[PDB]
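All remarks here apply to the structure that follows.
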Amino acid sequence: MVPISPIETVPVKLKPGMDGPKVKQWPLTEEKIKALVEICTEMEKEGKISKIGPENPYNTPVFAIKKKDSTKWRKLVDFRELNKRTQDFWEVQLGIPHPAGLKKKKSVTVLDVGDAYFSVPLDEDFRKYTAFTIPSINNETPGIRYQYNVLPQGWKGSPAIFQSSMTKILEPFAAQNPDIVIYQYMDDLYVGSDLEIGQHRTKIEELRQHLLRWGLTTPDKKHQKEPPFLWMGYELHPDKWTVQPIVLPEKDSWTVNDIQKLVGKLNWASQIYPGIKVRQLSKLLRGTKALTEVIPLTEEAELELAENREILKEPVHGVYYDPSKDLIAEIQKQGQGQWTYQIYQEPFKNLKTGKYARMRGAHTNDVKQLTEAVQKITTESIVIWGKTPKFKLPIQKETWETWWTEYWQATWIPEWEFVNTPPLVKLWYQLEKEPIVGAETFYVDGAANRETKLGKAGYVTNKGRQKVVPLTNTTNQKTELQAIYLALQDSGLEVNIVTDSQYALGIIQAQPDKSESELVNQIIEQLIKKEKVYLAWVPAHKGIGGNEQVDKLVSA
Amino acid sequence: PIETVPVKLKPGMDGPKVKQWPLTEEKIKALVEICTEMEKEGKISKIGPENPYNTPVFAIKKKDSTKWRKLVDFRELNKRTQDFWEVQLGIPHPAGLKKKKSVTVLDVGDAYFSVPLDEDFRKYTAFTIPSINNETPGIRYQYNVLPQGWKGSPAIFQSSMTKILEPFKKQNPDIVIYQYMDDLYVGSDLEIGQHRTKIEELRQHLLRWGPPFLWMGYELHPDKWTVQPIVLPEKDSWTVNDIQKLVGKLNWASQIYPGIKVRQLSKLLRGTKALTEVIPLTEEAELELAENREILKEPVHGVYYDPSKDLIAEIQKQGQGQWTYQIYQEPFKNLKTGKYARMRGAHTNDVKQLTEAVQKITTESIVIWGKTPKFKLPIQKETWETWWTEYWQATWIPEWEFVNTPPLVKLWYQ
Ligand SMILES: Cc1cc(C#N)cc(C)c1Oc1nc(NC2CCN(Cc3ccc(S(N)(=O)=O)cc3)CC2)nc2ccsc12
Ligand SMILES: [Mg+2]
């Protein structure tokens with residue numbers, strides 16, 4: 001007997017106030033009971049469960065299930081009730097590595113640890129909660145009652161406690177072997193290194209040597225799966241990586257669940273397939289929760305899908321990470337609020353790709369979206385590589401300086417350089433900071449009756465130019481914008497405009513270059529055509545000439 | 001320090017479960033080294049998966065030093081931690097601190113590591129050093145002693161501190177010492193020369209009665225802190241535009257001050273005149289303007305600090321490195337206003353400047369009222385939350401919300 005270290009037990013509790021489960025054991029057929037007794041007898045021999053007396057008041061139902069060509073019977077303990085009453089745990093396995101953050105490893109071994117999984121003892125004081133009962137034949141004797149000594153399959157805490165137990169055991173080996181990497185997930189242990197295969201097969205031996213200190217038997221993963229590894233949806237190849245094949249289903253009838261799955265795949269694909277677009281397709285599922293509901297595809301959605309198919313024709317691959325090289329991110333504007341990016345260290349060899357879609361909103365502009373894309377890529381890069389990439393942006397240095405120095409909010413983009421790849425992001429208008437000498441001054445106003453929705457919009461100027469337009473089905477806010485629109489329409493290339501509309505100022509001072517409001521869009525188009533616009537605000541109803549005059553003209 | 005102090009959360013509240021945000025490799029490496037030493041010294045211990053709580057951690061560099069400091073963001077735990085009345089019903093905030101000619105700020109948070117933390121409360125201090133690219137499980141720790149940044153640390157330590165200060169306080173009856181979180185504020189009215197040494201005299205005190213950053217001193221001169229009343233232009237020729245802007249400013253001010261009038265000034269704007277046309281001031285308008293100027297000299301009325309309400313701080317970007325701000329509890333009743341310029345270190349970085357403004361404003365609020373304000377920041381949430389930790393140099397963290405619509409009133413503090 002070679003003494004083996006015990007695996008430290010994790011203390012476990014039920015949620016405060018809650019007690020253990022008390023679920024009735026279903027009736028089983030004689031055949032299923034015999035099967036369960038055999039399985040459980042073997043499991044007891046191995047130490048996994050132990051017979052208990054009748055004092056234990058808890059119970060979880062057990063089932064017997066059958067398979068296709070393995071005419072066996074398999075056991076099943078339905079811990080659904082016990083899981084509801086078990087404390088929460090730290091789940092250490094939320095995110096997975098992204099392949100583009102990994103470094104090449106000459107050699108990779110995969111060990112199997114499903115057997116070591118059962119060496120992990122269950123906290124003694126908690127075992128009572130795992131009790132279950134095998135009913136007796138014909139119900140004529142007491143049922144055989146058992147409880148678990150090890151982490152039950154399907155119990156809430158088994159994944160976290162197993163992973164934590166393995167990491168702790170592996171800790172010393174990894175720290176004293178800086179020339180190898182060890183990754184665990186489920187019953188698989190992945191060991192990689194840049195050592196020659198013989199000298200790497202010895203590290204593996206030493207790892208078994210180490211694992212046996214806790215009596216952990218671990219041989220090579222049976223049926224060593226040839227490259228690539230099918231892991232978490234990727235094809236990890238020795239020199240490259242990819243998503244597993246992306247095949248877009250052909251269809252004449254497209255349904256809610258089809259377009260959801262279609263975006264799913266397209267989204268998954270967009271991390272290596274550059275230029276993927278999903279706005280129009282995503283757009284079609286605006287507010288439907290019946291996944292069987294069929295939806296016609298807008299001609300802009302068919303064009304987008306067919307665009308995706310073309311990108312999906314030939315498989316694309318990424319390269320792994322080299323920390324001695326620079327990290328670079330390049331962004332392109334795709335239109336309709338959509339943005340695409342590549343991250344690379346050498347030209348034409350992407351680590352990964354991605355996309356960004358603009359946030360919901362009434363008004364927006366290209367620079368704000370580009371800024372948001374940059375922040376998204378920044379944060380994704382800190383996760384994957386632990387550092388910010390250098391950016392290549394389709395915006396002139398001079399455009400950015402004008403934008404941020406004049407924008408009412410604080411804003412910042414990290415180290416970047418211009419890349420002259422159209423379309424370029426630009427500022428489409430810039431309001432004057434001071435009134436324009438020699439430019440006509442338009443005093444604008446509008447108003448609407450809340451009952452009838454009839455309104456008026458118009459202006460009076462210092463040259464005696466005047467206009468009032470009657471309007472139907474309108475509101476105060478719309479008439480206030482309509483008035484500004486009329487002044488832009490009817491003025492020369494330079495114009496001073498005086499409004500009392502705090503609503504209109506709030507929109508225009510946000511510097512939109514595009515709107516979901518056709519009327520705001522029309523104002524933007526007019527601003528683009530002007531040479532100079534000074535927009536002045538005054539408070540309503542204060543006797544401010546011009547303002548007072550036009551307020552009267554429009555307040556019918 | 002033998003006996004721990006019984007600590008609990010507030011009724012019907014669990015511990016924090018706050019996501020760790022991503023950290024650069026250089027901050028992870030710094031935290032690994034720091035926590036390895038803290039673990040050797042017994043200040044923190046590894047924890048198992050039966051602990052589900054979490055508080056974010058990052059690393060900073062204190063002003064004017066090169067060594068990384070661990071900073072835990074205990075904001076969630078602090079608001080879930082029971083309100084504290086350590087030994088007395090409350091230490092009254094010293095209204096005299098804000099009047100001292102010089103106030104130096106000391107990081108005394110390291111003194112907390114000498115007091116054990118109630119063993120039942122430790123689990124709520126859990127935190128994670130994350131790995132890069134999720135390549136290994138984050139390193140999980142909890143505190144065994146009073147942590148820096150936690151509400152309860154000064155409260156629990158307040159007995160131990162009052163004694164360390166007694167001989168110094170007994171000797172210097174006119175020096176004012178105020179403790180906030182990890183910081184000690186020490187104000188004197190004597191020239192900086194002896195002030196600096198007197199500060200060193202207090203360090204040696206804490207050094208004999210006992211630090212990685214205790215050596216530093218953040219110097220303040222709140223007697224020289226300047227407010228910003230409302231000012232109207234003095235001009236010899238007023239254009240239509242000038243008068244329109246003046247009427248707009250006075251109309252805004254009339255919500256703050258009684259008796260502001262714009263009738264006579266508006267009277268000048270009769271007709272529909274060119275914005276650049278010069279308008280001579282009548283006598284009735286000049287008098288009205290003079291009366292408004294006078295009203296604006298006097299302070300606002302009935303402005304009192306209500307200690308049961310939050311302090312709100314609003315900030316405006318004025319451009320060219322200048323920032324204005326107002327602190328208040330109810331709208332239009334400012335308790336403090338201010339203006340900053342030439343934030344050193346970022347003439348080309350808005351966000352760095354705003355982060356420094358937030359820290360300076362928070363420092364002023366601690367001095368004047370003993371608590372931090374809730375900020376209304378002129379910045380998009382995603383930009384702020386990507387970058388502020390890169391420029392943060394304080395050991396506390398206030399709360400903040402984001403302004404997405406441009407306030408029209410930026411112009412009237414311009
Ligand atoms: C070891 C491991 C395996 C899997 C899987 N499934 C997933 C992760 C996250 C793993 O964990 C780490 N993986 C790496 N790099 C990669 C680089 C690319 N390859 C694929 C490959 C290489 C060699 C052969 S080969 N010639 O032996 O047939 C076949 C396949 C695997 C290793 N780096 C780290 C750093 C810390 S953890 C970790
Ligand atoms: Mg009106």
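We name chains A, B, ... by the order of the sequence lines, and we start the count at 1 in each one. Computed over heavy atoms, backbone and side chain alike; hydrogens, waters and symmetry mates excluded.
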Within-4.5 Å side-chain heavy-atom neighbours: [X] and [Y]:
X: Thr371(A); Y: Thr383(B); answer: yes
X: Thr441(A); Y: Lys273(B); answer: no
X: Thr378(A); Y: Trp387(B); answer: yes
X: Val498(A); Y: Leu275(B); answer: yes
X: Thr379(A); Y: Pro22(B); answer: yes
X: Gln409(A); Y: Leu377(B); answer: no
X: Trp90(A); Y: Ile47(B); answer: no
X: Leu94(A); Y: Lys19(B); answer: yes

What residue, out of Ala100(A), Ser381(A), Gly101(A), has the most heavy-atom pairs lying under 4.5 Å from chain B? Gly101(A)
About how many Å separate [atom2] of [Y] and [atom1] of [X], when rounded to the nearest 0.5 Å?
X: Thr167(A); Y: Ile139(B); atom1: OG1; atom2: CD1; result: 11.0 Å
X: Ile384(A); Y: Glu135(B); atom1: CD1; atom2: CD; result: 10.5 Å
X: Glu548(A); Y: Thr272(B); atom1: CD; atom2: OG1; result: 11.5 Å

Under 6.0 Å from the [atom1] atom of [X], do we count more than 12 heavy atoms belonging to anything else shown?
X: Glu119(B); atom1: CD; result: no
X: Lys17(B); atom1: NZ; result: yes
X: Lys397(A); atom1: NZ; result: yes
X: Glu8(A); atom1: CD; result: no
X: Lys552(A); atom1: NZ; result: no
X: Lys105(A); atom1: NZ; result: yes
X: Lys261(B); atom1: NZ; result: no
X: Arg263(B); atom1: CZ; result: no

I need the minimum non-hydrogen distance between [X] and [Y], along with the two atoms involved.
X: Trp408(A); Y: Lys410(B); result: CB-NZ, 4.4 Å
X: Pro137(B); Y: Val92(A); result: CB-CB, 4.3 Å
X: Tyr183(A); Y: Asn134(B); result: CE1-O, 4.1 Å
X: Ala274(B); Y: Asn462(A); result: N-CB, 3.6 Å
X: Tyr534(A); Y: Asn241(B); result: OH-ND2, 3.2 Å
X: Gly506(A); Y: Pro406(B); result: O-CG, 3.7 Å

Taking every non-hydrogen pair under 4.5 Å, which of [options] racks up the most with chain A?
options: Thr136(B), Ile243(B), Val351(B); answer: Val351(B)
options: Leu265(B), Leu354(B), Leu408(B); answer: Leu408(B)
options: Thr276(B), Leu268(B), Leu23(B), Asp350(B); answer: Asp350(B)
options: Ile315(B), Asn251(B), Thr239(B), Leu411(B); answer: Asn251(B)
options: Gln380(B), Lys352(B), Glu382(B); answer: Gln380(B)
options: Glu277(B), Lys245(B), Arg140(B), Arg270(B); answer: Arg140(B)

Check against side chain to side chain contact (heavy atoms under 4.5 Å, CB included), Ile132(B) and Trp385(A): CA-CA 7 Å; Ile132(B) 293 185; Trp385(A) 300 283; 5.8 Å; no
Checking heavy atoms, do the side chain of [X], its backbone, both or neither come under 4.5 Å from chain B?
X: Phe89(A); answer: both
X: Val10(A); answer: side chain
X: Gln509(A); answer: both
X: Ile96(A); answer: backbone
X: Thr461(A); answer: backbone
X: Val383(A); answer: both
X: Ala536(A); answer: side chain
X: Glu171(A); answer: side chain

Does any heavy atom of chain A fall under 4.5 Å from the side chain of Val240(B), the backbone, both, or neither of them?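 Answer is side chain: those atoms of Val240(B) sit under 4.5 Å from chain A.
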Say whether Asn133(B) and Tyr321(A), considering side chains only, have a donor N or O and an acceptor N or O under 3.5 Å apart.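 Absent: no donor and acceptor within the cut-off.
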Step through it carefully: locate the ring centre of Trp537(A), locate the ring centre of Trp252(B), and say whether they are under 6.0 Å apart.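 So the answer is no for these two rings.
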Are there residues of residues 24-33 of chain B whose heavy atoms fall under 4.5 Å of chain A's heavy atoms? If so, which? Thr24(B), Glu25(B)
Any residue meeting side chain to side chain donor-acceptor pair (under 3.5 Å) with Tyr391(B), in chain and number order, not counting sequence neighbours: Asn349(B)
